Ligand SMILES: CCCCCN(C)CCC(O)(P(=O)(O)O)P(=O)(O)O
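Before any questions on binding or motion, here is one chain by itself as structure tokens, the form deposited without this ligand.
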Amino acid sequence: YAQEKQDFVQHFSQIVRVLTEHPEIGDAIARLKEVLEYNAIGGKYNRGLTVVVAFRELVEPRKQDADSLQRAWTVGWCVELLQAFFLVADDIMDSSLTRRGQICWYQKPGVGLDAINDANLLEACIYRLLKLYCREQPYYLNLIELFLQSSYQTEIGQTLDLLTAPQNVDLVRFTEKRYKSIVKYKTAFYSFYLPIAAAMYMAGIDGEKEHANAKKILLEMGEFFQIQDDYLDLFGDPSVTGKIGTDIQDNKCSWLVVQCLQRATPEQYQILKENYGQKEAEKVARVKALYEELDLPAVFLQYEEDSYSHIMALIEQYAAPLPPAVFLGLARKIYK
């Protein structure tokens, strides 16, 4: 990833040139440029890069001409745009202030709820690019369907989340069956399955069974990834993470609170109930302490270990005939 990151970001400028070239609509296109530059840039690009890297592990290097690669870059960027769409819109729904410590787009002066359109444009740019760069490829329809299905799964996950945590404190809502379901639909499918699957299609690997196999490994990785973000949000060194966590404040249906609830004597249940999600820090400090007293960081470390054996068993069993390195590169990024 480290090398390839550079040429991935050089390509953006071109993604944009193309998306911004009927002159009556110039102003709108100017706006689109801003929206793209503000919202698609500034993350770590892990998802989009995954498309590119996996495309290289999957194609015999004699089928990686400069146009094959230009498409891999572009489709990686399609993943990033999809993400950008979700985030811009999620920030609005959450009433968030910052994203990656920068002002959320909808919070910029004179944008506001216009960001809903802007988010929709981001989504749309995915399908323009696919047409621009892949309309003639045999995997074209495969990729349209995959991006569409990934949007649907994500949106559904979002609904499930929204129902489950209404900003209305209800911890009967916060069960494990349900936590898992949210992670899977809202983040894992697009974060993990999507980018690999896209590379699979670009490589001619379109079998339903192959995709199902890759899916079984990749959704389980995504479940751990998110559980680890939940853990880190509260317990990560915040300069090593970058994030300074607001989960508890926010009534989030976090892995921490789920385990906590399986592990509460009633005295502990109507304490947690008197504390999950106030601005004031001593009520949030108090929760961190209930978690600490229940050795939740230990439950996690136990979880991280088991999860790691499980992912390697899954890779042993279901990678074939993809090179296991497709999966292992990702495992290394996440269990780091």
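A residue's number is simply how far along the shown sequence it sits, counting from 1. Heads up, when I say rigid core I mean the largest set of C-alphas that superpose within 1.5 Å between the two forms.
Below, we refer to the form solved in complex with this ligand, which is not included among the displayed structures.
Within 2.4 Å of any backbone or C-beta atom of the shown chain, none of the atoms of this ligand lands once it is superimposed from its position in the entry with it bound; the pocket counts as open. Although the partner is absent here, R71 lies well away from this ligand in the entry with it bound, with no heavy atom inside 4.5 Å.
Interface residue remark: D170 is not counted as part of the site for this ligand in the entry with it bound, having no heavy atom within 4.5 Å. Among heavy atoms of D94, some come within 4.5 Å of this ligand in the entry with it bound. Contact annotation for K180: none of its heavy atoms lies within 4.5 Å of this ligand in the entry with it bound. When contacts are defined as a non-hydrogen atom within 4.5 Å, all of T154, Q226 and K243 contact this ligand in the entry with it bound. Among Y190, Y133, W105, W255, the residue placing a heavy atom within 4.5 Å of this ligand in the entry with it bound is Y190. Proximity to this ligand in the entry with it bound, defined as a heavy atom within 4.5 Å, singles out one entry of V111, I144, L87, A264, which is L87.
Only one of 256-264, 94-102, 135-143, 170-178 lies within 4.5 Å of this ligand in the entry with it bound by heavy atoms, and it is 94-102. Once the two forms are fitted on their rigid core, between this form and the one not shown the CA displacement reaches 2 Å or more only for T241 among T241, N117, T98, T159. Once the rigid core is overlaid between this form and the one not shown, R47 does not reach a Cα shift of 2 Å, moving by less than that.
Once the rigid core is overlaid between this form and the one not shown, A281 counts among the residues whose Cα shifts by 2 Å or more. Fitting the two forms on the rigid core leaves the C-alpha of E210 displaced by under 2 angstroms between this form and the one not shown.
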